[PDB]
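Reproduced below: final16.pdb, with PDB, C-alpha atoms and all ligand atoms.
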```pdb
ATOM      1  CA  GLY A 782       2.591 -16.219 -29.606  1.00  0.00           C
ATOM      2  CA  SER A 783       4.804 -19.406 -29.490  1.00  0.00           C
ATOM      3  CA  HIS A 784       3.095 -20.528 -26.197  1.00  0.00           C
ATOM      4  CA  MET A 785       1.126 -17.420 -24.959  1.00  0.00           C
ATOM      5  CA  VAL A 786       0.159 -14.035 -26.569  1.00  0.00           C
ATOM      6  CA  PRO A 787       2.509 -11.007 -25.991  1.00  0.00           C
ATOM      7  CA  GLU A 788       1.620  -8.139 -23.570  1.00  0.00           C
ATOM      8  CA  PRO A 789      -0.151  -5.290 -25.528  1.00  0.00           C
ATOM      9  CA  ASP A 790       1.080  -1.609 -25.434  1.00  0.00           C
ATOM     10  CA  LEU A 791       0.293  -0.229 -21.877  1.00  0.00           C
ATOM     11  CA  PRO A 792      -1.774   3.046 -22.254  1.00  0.00           C
ATOM     12  CA  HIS A 793       0.648   6.003 -21.826  1.00  0.00           C
ATOM     13  CA  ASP A 794      -1.868   7.960 -19.645  1.00  0.00           C
ATOM     14  CA  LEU A 795      -1.745   5.021 -17.118  1.00  0.00           C
ATOM     15  CA  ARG A 796       2.127   4.665 -17.366  1.00  0.00           C
ATOM     16  CA  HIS A 797       2.259   8.030 -15.495  1.00  0.00           C
ATOM     17  CA  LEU A 798       0.565   6.414 -12.416  1.00  0.00           C
ATOM     18  CA  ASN A 799       3.146   5.437  -9.748  1.00  0.00           C
ATOM     19  CA  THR A 800       2.400   1.687  -9.147  1.00  0.00           C
ATOM     20  CA  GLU A 801       4.483   1.283  -5.907  1.00  0.00           C
ATOM     21  CA  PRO A 802       1.379   2.016  -3.667  1.00  0.00           C
ATOM     22  CA  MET A 803      -0.634  -0.525  -5.750  1.00  0.00           C
ATOM     23  CA  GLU A 804       1.767  -3.398  -4.739  1.00  0.00           C
ATOM     24  CA  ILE A 805      -0.620  -4.143  -1.782  1.00  0.00           C
ATOM     25  CA  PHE A 806      -3.331  -5.118  -4.404  1.00  0.00           C
ATOM     26  CA  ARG A 807      -0.970  -7.477  -6.424  1.00  0.00           C
ATOM     27  CA  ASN A 808      -2.769 -10.686  -5.196  1.00  0.00           C
ATOM     28  CA  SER A 809      -6.051  -9.255  -3.705  1.00  0.00           C
ATOM     29  CA  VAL A 810      -8.527  -8.736  -6.660  1.00  0.00           C
ATOM     30  CA  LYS A 811     -10.731 -10.597  -9.233  1.00  0.00           C
ATOM     31  CA  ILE A 812     -10.732  -8.330 -12.352  1.00  0.00           C
ATOM     32  CA  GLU A 813     -13.385 -10.560 -14.038  1.00  0.00           C
ATOM     33  CA  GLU A 814     -15.737 -11.339 -11.039  1.00  0.00           C
ATOM     34  CA  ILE A 815     -16.103  -7.802  -9.461  1.00  0.00           C
ATOM     35  CA  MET A 816     -17.980  -6.434 -12.555  1.00  0.00           C
ATOM     36  CA  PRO A 817     -21.877  -6.566 -12.668  1.00  0.00           C
ATOM     37  CA  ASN A 818     -21.532  -8.122 -16.243  1.00  0.00           C
ATOM     38  CA  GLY A 819     -23.630  -5.276 -17.849  1.00  0.00           C
ATOM     39  CA  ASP A 820     -21.600  -3.466 -20.601  1.00  0.00           C
ATOM     40  CA  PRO A 821     -18.092  -1.858 -20.997  1.00  0.00           C
ATOM     41  CA  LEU A 822     -19.246   1.389 -22.788  1.00  0.00           C
ATOM     42  CA  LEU A 823     -21.711   1.944 -19.855  1.00  0.00           C
ATOM     43  CA  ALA A 824     -18.582   2.966 -17.784  1.00  0.00           C
ATOM     44  CA  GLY A 825     -19.217   6.684 -18.721  1.00  0.00           C
ATOM     45  CA  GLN A 826     -21.640   7.030 -15.710  1.00  0.00           C
ATOM     46  CA  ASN A 827     -21.682   3.626 -13.832  1.00  0.00           C
ATOM     47  CA  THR A 828     -18.092   4.093 -12.474  1.00  0.00           C
ATOM     48  CA  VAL A 829     -18.014   7.444 -10.541  1.00  0.00           C
ATOM     49  CA  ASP A 830     -19.150  11.137 -10.944  1.00  0.00           C
ATOM     50  CA  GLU A 831     -17.746  14.752 -11.044  1.00  0.00           C
ATOM     51  CA  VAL A 832     -18.631  15.385  -7.332  1.00  0.00           C
ATOM     52  CA  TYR A 833     -16.883  12.051  -6.485  1.00  0.00           C
ATOM     53  CA  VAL A 834     -13.581  13.378  -7.964  1.00  0.00           C
ATOM     54  CA  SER A 835     -13.950  17.096  -7.028  1.00  0.00           C
ATOM     55  CA  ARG A 836     -14.000  18.395 -10.680  1.00  0.00           C
ATOM     56  CA  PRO A 837     -12.148  21.824 -10.728  1.00  0.00           C
ATOM     57  CA  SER A 838     -13.708  23.178 -14.021  1.00  0.00           C
TER      58      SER A 838
ATOM     59  CA  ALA B 340       6.170  -7.524 -24.326  1.00  0.00           C
ATOM     60  CA  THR B 341       8.340  -7.153 -21.118  1.00  0.00           C
ATOM     61  CA  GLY B 342       9.747  -3.548 -21.278  1.00  0.00           C
ATOM     62  CA  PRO B 343       8.138  -0.381 -19.699  1.00  0.00           C
ATOM     63  CA  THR B 344       5.960  -0.056 -22.887  1.00  0.00           C
ATOM     64  CA  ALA B 345       3.941  -3.212 -21.899  1.00  0.00           C
ATOM     65  CA  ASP B 346       5.250  -4.374 -18.421  1.00  0.00           C
ATOM     66  CA  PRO B 347       3.046  -7.424 -17.414  1.00  0.00           C
ATOM     67  CA  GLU B 348       3.682  -6.836 -13.644  1.00  0.00           C
ATOM     68  CA  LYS B 349       2.765  -3.092 -13.757  1.00  0.00           C
ATOM     69  CA  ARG B 350      -0.165  -3.722 -16.191  1.00  0.00           C
ATOM     70  CA  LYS B 351      -1.808  -5.973 -13.535  1.00  0.00           C
ATOM     71  CA  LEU B 352      -1.198  -3.382 -10.725  1.00  0.00           C
ATOM     72  CA  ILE B 353      -3.173  -0.516 -12.440  1.00  0.00           C
ATOM     73  CA  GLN B 354      -5.958  -3.025 -13.431  1.00  0.00           C
ATOM     74  CA  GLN B 355      -6.253  -4.279  -9.826  1.00  0.00           C
ATOM     75  CA  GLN B 356      -6.555  -0.748  -8.270  1.00  0.00           C
ATOM     76  CA  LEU B 357      -9.007   0.354 -11.047  1.00  0.00           C
ATOM     77  CA  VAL B 358     -11.356  -2.626 -10.385  1.00  0.00           C
ATOM     78  CA  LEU B 359     -11.038  -2.282  -6.563  1.00  0.00           C
ATOM     79  CA  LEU B 360     -12.333   1.352  -6.846  1.00  0.00           C
ATOM     80  CA  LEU B 361     -15.213   0.233  -9.160  1.00  0.00           C
ATOM     81  CA  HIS B 362     -16.261  -2.344  -6.522  1.00  0.00           C
ATOM     82  CA  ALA B 363     -15.863   0.055  -3.562  1.00  0.00           C
ATOM     83  CA  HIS B 364     -17.825   2.960  -5.234  1.00  0.00           C
ATOM     84  CA  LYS B 365     -21.124   0.941  -5.178  1.00  0.00           C
ATOM     85  CA  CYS B 366     -20.071  -1.082  -2.082  1.00  0.00           C
ATOM     86  CA  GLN B 367     -19.832   2.244  -0.108  1.00  0.00           C
ATOM     87  CA  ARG B 368     -23.497   2.918  -1.174  1.00  0.00           C
ATOM     88  CA  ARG B 369     -24.484  -0.704  -0.162  1.00  0.00           C
ATOM     89  CA  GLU B 370     -22.711  -0.316   3.235  1.00  0.00           C
ATOM     90  CA  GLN B 371     -24.163   3.179   4.045  1.00  0.00           C
ATOM     91  CA  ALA B 372     -27.705   1.878   3.173  1.00  0.00           C
ATOM     92  CA  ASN B 373     -27.315  -0.379   6.307  1.00  0.00           C
ATOM     93  CA  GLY B 374     -25.105   2.051   8.363  1.00  0.00           C
ATOM     94  CA  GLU B 375     -21.760   0.130   8.513  1.00  0.00           C
ATOM     95  CA  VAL B 376     -22.688  -3.594   7.888  1.00  0.00           C
ATOM     96  CA  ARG B 377     -19.760  -6.132   7.637  1.00  0.00           C
ATOM     97  CA  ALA B 378     -21.510  -8.122   4.813  1.00  0.00           C
ATOM     98  CA  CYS B 379     -18.562  -7.714   2.317  1.00  0.00           C
ATOM     99  CA  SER B 380     -15.250  -9.657   1.815  1.00  0.00           C
ATOM    100  CA  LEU B 381     -12.947  -7.764  -0.695  1.00  0.00           C
ATOM    101  CA  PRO B 382      -9.324  -7.567   0.827  1.00  0.00           C
ATOM    102  CA  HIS B 383      -9.155  -3.751   0.203  1.00  0.00           C
ATOM    103  CA  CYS B 384     -12.875  -2.716   0.221  1.00  0.00           C
ATOM    104  CA  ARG B 385     -12.152  -0.592   3.377  1.00  0.00           C
ATOM    105  CA  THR B 386      -8.908   0.775   1.812  1.00  0.00           C
ATOM    106  CA  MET B 387     -10.763   2.006  -1.298  1.00  0.00           C
ATOM    107  CA  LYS B 388     -13.797   3.327   0.749  1.00  0.00           C
ATOM    108  CA  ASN B 389     -11.381   5.507   2.803  1.00  0.00           C
ATOM    109  CA  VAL B 390      -9.652   6.814  -0.418  1.00  0.00           C
ATOM    110  CA  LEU B 391     -13.041   7.347  -2.218  1.00  0.00           C
ATOM    111  CA  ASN B 392     -14.689   9.267   0.666  1.00  0.00           C
ATOM    112  CA  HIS B 393     -11.480  11.410   0.780  1.00  0.00           C
ATOM    113  CA  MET B 394     -11.502  11.946  -3.082  1.00  0.00           C
ATOM    114  CA  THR B 395     -15.147  13.158  -2.879  1.00  0.00           C
ATOM    115  CA  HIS B 396     -13.873  16.291  -0.968  1.00  0.00           C
ATOM    116  CA  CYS B 397     -10.089  16.488  -1.800  1.00  0.00           C
ATOM    117  CA  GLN B 398      -8.964  19.640  -3.719  1.00  0.00           C
ATOM    118  CA  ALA B 399      -5.115  19.162  -3.738  1.00  0.00           C
ATOM    119  CA  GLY B 400      -5.357  16.766  -6.794  1.00  0.00           C
ATOM    120  CA  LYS B 401      -1.901  16.488  -8.527  1.00  0.00           C
ATOM    121  CA  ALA B 402      -0.199  17.648  -5.238  1.00  0.00           C
ATOM    122  CA  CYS B 403      -2.250  15.573  -2.674  1.00  0.00           C
ATOM    123  CA  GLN B 404      -0.510  13.706   0.218  1.00  0.00           C
ATOM    124  CA  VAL B 405      -2.687  10.524  -0.283  1.00  0.00           C
ATOM    125  CA  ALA B 406      -0.796   8.201  -2.697  1.00  0.00           C
ATOM    126  CA  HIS B 407      -4.043   6.470  -3.863  1.00  0.00           C
ATOM    127  CA  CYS B 408      -6.192   9.697  -4.352  1.00  0.00           C
ATOM    128  CA  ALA B 409      -4.560  11.325  -7.440  1.00  0.00           C
ATOM    129  CA  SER B 410      -3.792   7.832  -8.841  1.00  0.00           C
ATOM    130  CA  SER B 411      -7.467   6.726  -8.488  1.00  0.00           C
ATOM    131  CA  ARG B 412      -8.755  10.045  -9.984  1.00  0.00           C
ATOM    132  CA  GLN B 413      -6.624   9.394 -13.134  1.00  0.00           C
ATOM    133  CA  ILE B 414      -7.289   5.562 -13.234  1.00  0.00           C
ATOM    134  CA  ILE B 415     -11.146   5.981 -13.297  1.00  0.00           C
ATOM    135  CA  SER B 416     -10.934   8.477 -16.235  1.00  0.00           C
ATOM    136  CA  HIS B 417      -9.276   5.819 -18.504  1.00  0.00           C
ATOM    137  CA  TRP B 418     -12.048   3.142 -18.192  1.00  0.00           C
ATOM    138  CA  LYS B 419     -14.665   5.995 -18.432  1.00  0.00           C
ATOM    139  CA  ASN B 420     -13.611   6.616 -22.104  1.00  0.00           C
ATOM    140  CA  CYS B 421     -11.608   3.642 -23.571  1.00  0.00           C
ATOM    141  CA  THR B 422     -13.357   1.346 -26.153  1.00  0.00           C
ATOM    142  CA  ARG B 423     -10.316  -0.461 -27.767  1.00  0.00           C
ATOM    143  CA  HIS B 424     -11.062  -4.245 -27.712  1.00  0.00           C
ATOM    144  CA  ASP B 425      -7.289  -5.100 -27.280  1.00  0.00           C
ATOM    145  CA  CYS B 426      -6.233  -2.414 -24.719  1.00  0.00           C
ATOM    146  CA  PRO B 427      -3.835  -4.337 -22.333  1.00  0.00           C
ATOM    147  CA  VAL B 428      -5.313  -2.731 -19.185  1.00  0.00           C
ATOM    148  CA  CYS B 429      -9.034  -2.655 -20.127  1.00  0.00           C
ATOM    149  CA  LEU B 430      -9.210  -6.180 -21.764  1.00  0.00           C
ATOM    150  CA  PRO B 431      -9.994  -8.120 -18.478  1.00  0.00           C
ATOM    151  CA  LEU B 432     -12.686  -5.440 -17.631  1.00  0.00           C
ATOM    152  CA  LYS B 433     -14.054  -5.386 -21.256  1.00  0.00           C
ATOM    153  CA  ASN B 434     -14.312  -9.218 -20.830  1.00  0.00           C
ATOM    154  CA  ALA B 435     -15.797  -8.904 -17.228  1.00  0.00           C
ATOM    155  CA  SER B 436     -18.603  -6.761 -18.816  1.00  0.00           C
ATOM    156  CA  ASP B 437     -19.106  -8.812 -22.070  1.00  0.00           C
ATOM    157  CA  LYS B 438     -22.482 -10.504 -22.997  1.00  0.00           C
ATOM    158  CA  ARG B 439     -20.878 -14.050 -23.291  1.00  0.00           C
TER     159      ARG B 439
HETATM  160 ZN    ZN C 901     -17.267  -4.488  -1.024  1.00  0.00          ZN
HETATM  161 ZN    ZN C 902      -6.525  13.724  -2.131  1.00  0.00          ZN
HETATM  162 ZN    ZN C 903      -8.143   1.226 -22.238  1.00  0.00          ZN
END
```
Encoded form (structure tokens):
Amino acid sequence: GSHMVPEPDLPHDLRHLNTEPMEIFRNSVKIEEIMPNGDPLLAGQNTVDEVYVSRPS
Amino acid sequence: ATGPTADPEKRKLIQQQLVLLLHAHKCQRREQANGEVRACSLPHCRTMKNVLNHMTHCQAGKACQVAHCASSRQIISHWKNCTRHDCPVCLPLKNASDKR
């Protein structure tokens, strides 16, 4: 907070993801410009579906 | 603010893969609607499209040989449910989808 805000608590369910494969993406994305600027809560169905992830049950 | 509980470097890596999949999910639909058109430009659009098409049929899940498959399956499920306005990972996406 003395010059820039501190890094918030990383969600524990995402800490489990091994990030070594992701190192190829480290300078290859625009987090803020990819999105269709609609709504965040709309992510429940706009993102992907059960057939897309091979839902087991 | 720098330990494994927050890790600025890692925090950006899960965000970047998450958003790349979100782009590629609809971009795969856009591309198939015109067969295989080269109209895109995302550095890993092809990388994600290969992982996504695989994920749509993969049944090995937690034991799969594709490093991005099981990771992507878990990464999508976070953004699908999170609503916290100060989540370190979702904040740039929650901003990318804001009315401002
Ligand atoms: Zn694309
Ligand atoms: Zn797989
Ligand atoms: Zn979140």
Distance in Å - atom CA of residue 392 of chain B versus atom CA of residue 811 of chain A: 22.5 Å
Quick one: residues within 10 Å of residue 819 of chain A, all atoms listed in the file, excluding same-chain residues fewer than 5 positions away - as number ranges by chain? A: 824, 827; B: 435-438
Counting all atoms listed in the file, which protein, DNA or RNA residues come within 7 Å of ligand ZN 902 (chain C), given as a VMD selection string? chain B and resid 393 to 394 397 to 400 403 to 405 408 to 409
List as a PyMOL selection string the protein and nucleic acid residues lying within 9 Å of ligand ZN 901 (chain C), with only C-alpha atoms and all ligand atoms counted. chain B and resi 359+362-367+369-370+378-385+388
Report as a compact mmCIF listing (two decimals) with C-alpha atoms, keeping the file's coordinate frame the full result of the PyMOL selection byres ((chain B) within 6 of (chain A)) when it is applied to this structure.
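Final output, saved to result-v6.txt:
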```txt
# COMPACT_ATOMS: atom_id res chain seq x y z
CA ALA B 340 6.17 -7.52 -24.33
CA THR B 344 5.96 -0.06 -22.89
CA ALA B 345 3.94 -3.21 -21.90
CA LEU B 352 -1.20 -3.38 -10.72
CA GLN B 355 -6.25 -4.28 -9.83
CA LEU B 361 -15.21 0.23 -9.16
CA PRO B 382 -9.32 -7.57 0.83
CA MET B 394 -11.50 11.95 -3.08
CA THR B 395 -15.15 13.16 -2.88
CA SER B 410 -3.79 7.83 -8.84
CA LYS B 419 -14.66 6.00 -18.43
CA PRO B 427 -3.84 -4.34 -22.33
CA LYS B 433 -14.05 -5.39 -21.26
CA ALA B 435 -15.80 -8.90 -17.23
CA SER B 436 -18.60 -6.76 -18.82
```
Could you please determine the separation between atom CA of residue 401 of chain B and atom CA of residue 371 of chain B in Å, to one decimal place?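 Rounded to one decimal, the two atoms are 28.8 Å apart.
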Give as a list in words the residues surrounding ligand ZN 903 (chain C) up to a distance of 8 Å, considering all atoms listed in the file. residues 792 of chain A; 417, 418, 420, 421, 422, 423, 426, 427, 428, 429 and 430 of chain B
One-decimal distance in Å that lies between atom CA of residue 391 of chain B and atom CA of residue 360 of chain B: 7.6 Å
Segment 788-807 of chain A, all listed atoms, 6 Å padding on each side: what axis-aligned box centre and edge lengths in Å to one decimal come out, as AutoDock Vina command-line options?
```
--center_x 0.6 --center_y -0.1 --center_z -13.7 --size_x 19.8 --size_y 28.2 --size_z 35.7
```
Find the residue from B:353, B:368, B:341, B:439 that sits nearest to residue 407 of chain B; use all atoms listed in the file when measuring.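 Looking at the shortest contact to residue 407 of chain B, the residue is B:353.
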Have segment 795-813 of chain A completed to N, CA, C and O atoms, please, and pass it along as a PDB file, keeping the file's coordinate frame.
```pdb
ATOM      1  N   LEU A 795      -1.856   5.862 -18.317  1.00  0.00           N
ATOM      2  CA  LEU A 795      -1.745   5.021 -17.118  1.00  0.00           C
ATOM      3  C   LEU A 795      -0.280   4.736 -16.743  1.00  0.00           C
ATOM      4  O   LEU A 795      -0.006   4.499 -15.567  1.00  0.00           O
ATOM      5  N   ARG A 796       0.684   4.816 -17.680  1.00  0.00           N
ATOM      6  CA  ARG A 796       2.127   4.665 -17.366  1.00  0.00           C
ATOM      7  C   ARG A 796       2.582   5.707 -16.336  1.00  0.00           C
ATOM      8  O   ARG A 796       3.426   5.411 -15.491  1.00  0.00           O
ATOM      9  N   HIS A 797       1.998   6.908 -16.401  1.00  0.00           N
ATOM     10  CA  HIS A 797       2.259   8.030 -15.495  1.00  0.00           C
ATOM     11  C   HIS A 797       1.885   7.743 -14.027  1.00  0.00           C
ATOM     12  O   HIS A 797       2.432   8.380 -13.122  1.00  0.00           O
ATOM     13  N   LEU A 798       0.974   6.794 -13.769  1.00  0.00           N
ATOM     14  CA  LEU A 798       0.565   6.414 -12.416  1.00  0.00           C
ATOM     15  C   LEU A 798       1.698   5.663 -11.702  1.00  0.00           C
ATOM     16  O   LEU A 798       2.128   4.606 -12.175  1.00  0.00           O
ATOM     17  N   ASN A 799       2.159   6.163 -10.551  1.00  0.00           N
ATOM     18  CA  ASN A 799       3.146   5.437  -9.748  1.00  0.00           C
ATOM     19  C   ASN A 799       2.459   4.184  -9.173  1.00  0.00           C
ATOM     20  O   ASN A 799       1.488   4.300  -8.430  1.00  0.00           O
ATOM     21  N   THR A 800       2.948   2.997  -9.538  1.00  0.00           N
ATOM     22  CA  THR A 800       2.400   1.687  -9.147  1.00  0.00           C
ATOM     23  C   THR A 800       2.964   1.116  -7.843  1.00  0.00           C
ATOM     24  O   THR A 800       2.462   0.096  -7.378  1.00  0.00           O
ATOM     25  N   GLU A 801       3.957   1.750  -7.206  1.00  0.00           N
ATOM     26  CA  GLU A 801       4.483   1.283  -5.907  1.00  0.00           C
ATOM     27  C   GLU A 801       3.394   1.165  -4.817  1.00  0.00           C
ATOM     28  O   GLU A 801       3.362   0.139  -4.130  1.00  0.00           O
ATOM     29  N   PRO A 802       2.468   2.139  -4.639  1.00  0.00           N
ATOM     30  CA  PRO A 802       1.379   2.016  -3.667  1.00  0.00           C
ATOM     31  C   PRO A 802       0.459   0.828  -3.985  1.00  0.00           C
ATOM     32  O   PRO A 802      -0.023   0.150  -3.078  1.00  0.00           O
ATOM     33  N   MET A 803       0.222   0.566  -5.279  1.00  0.00           N
ATOM     34  CA  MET A 803      -0.634  -0.525  -5.750  1.00  0.00           C
ATOM     35  C   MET A 803      -0.098  -1.920  -5.415  1.00  0.00           C
ATOM     36  O   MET A 803      -0.879  -2.866  -5.459  1.00  0.00           O
ATOM     37  N   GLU A 804       1.185  -2.086  -5.071  1.00  0.00           N
ATOM     38  CA  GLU A 804       1.767  -3.398  -4.739  1.00  0.00           C
ATOM     39  C   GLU A 804       0.993  -4.175  -3.657  1.00  0.00           C
ATOM     40  O   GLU A 804       1.024  -5.406  -3.655  1.00  0.00           O
ATOM     41  N   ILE A 805       0.241  -3.490  -2.784  1.00  0.00           N
ATOM     42  CA  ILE A 805      -0.620  -4.143  -1.782  1.00  0.00           C
ATOM     43  C   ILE A 805      -1.789  -4.925  -2.429  1.00  0.00           C
ATOM     44  O   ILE A 805      -2.252  -5.917  -1.867  1.00  0.00           O
ATOM     45  N   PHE A 806      -2.240  -4.511  -3.623  1.00  0.00           N
ATOM     46  CA  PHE A 806      -3.331  -5.118  -4.404  1.00  0.00           C
ATOM     47  C   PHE A 806      -2.890  -6.276  -5.320  1.00  0.00           C
ATOM     48  O   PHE A 806      -3.750  -6.955  -5.886  1.00  0.00           O
ATOM     49  N   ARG A 807      -1.575  -6.496  -5.494  1.00  0.00           N
ATOM     50  CA  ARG A 807      -0.970  -7.477  -6.424  1.00  0.00           C
ATOM     51  C   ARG A 807      -1.543  -8.903  -6.413  1.00  0.00           C
ATOM     52  O   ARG A 807      -1.456  -9.586  -7.437  1.00  0.00           O
ATOM     53  N   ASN A 808      -2.153  -9.356  -5.319  1.00  0.00           N
ATOM     54  CA  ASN A 808      -2.769 -10.686  -5.196  1.00  0.00           C
ATOM     55  C   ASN A 808      -4.088 -10.629  -4.384  1.00  0.00           C
ATOM     56  O   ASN A 808      -4.397 -11.542  -3.615  1.00  0.00           O
ATOM     57  N   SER A 809      -4.847  -9.530  -4.519  1.00  0.00           N
ATOM     58  CA  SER A 809      -6.051  -9.255  -3.705  1.00  0.00           C
ATOM     59  C   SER A 809      -7.308  -8.837  -4.487  1.00  0.00           C
ATOM     60  O   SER A 809      -8.204  -8.220  -3.907  1.00  0.00           O
ATOM     61  N   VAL A 810      -7.395  -9.141  -5.791  1.00  0.00           N
ATOM     62  CA  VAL A 810      -8.527  -8.736  -6.660  1.00  0.00           C
ATOM     63  C   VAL A 810      -8.894  -9.808  -7.696  1.00  0.00           C
ATOM     64  O   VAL A 810      -8.058 -10.620  -8.097  1.00  0.00           O
ATOM     65  N   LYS A 811     -10.143  -9.756  -8.176  1.00  0.00           N
ATOM     66  CA  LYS A 811     -10.731 -10.597  -9.233  1.00  0.00           C
ATOM     67  C   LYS A 811     -11.293  -9.706 -10.342  1.00  0.00           C
ATOM     68  O   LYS A 811     -12.481  -9.384 -10.343  1.00  0.00           O
ATOM     69  N   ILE A 812     -10.422  -9.275 -11.259  1.00  0.00           N
ATOM     70  CA  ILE A 812     -10.732  -8.330 -12.352  1.00  0.00           C
ATOM     71  C   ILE A 812     -12.029  -8.696 -13.103  1.00  0.00           C
ATOM     72  O   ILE A 812     -12.805  -7.827 -13.492  1.00  0.00           O
ATOM     73  N   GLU A 813     -12.250 -10.001 -13.302  1.00  0.00           N
ATOM     74  CA  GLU A 813     -13.385 -10.560 -14.038  1.00  0.00           C
ATOM     75  C   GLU A 813     -14.650 -10.864 -13.213  1.00  0.00           C
ATOM     76  O   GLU A 813     -15.725 -10.974 -13.804  1.00  0.00           O
TER      77      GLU A 813
END
```
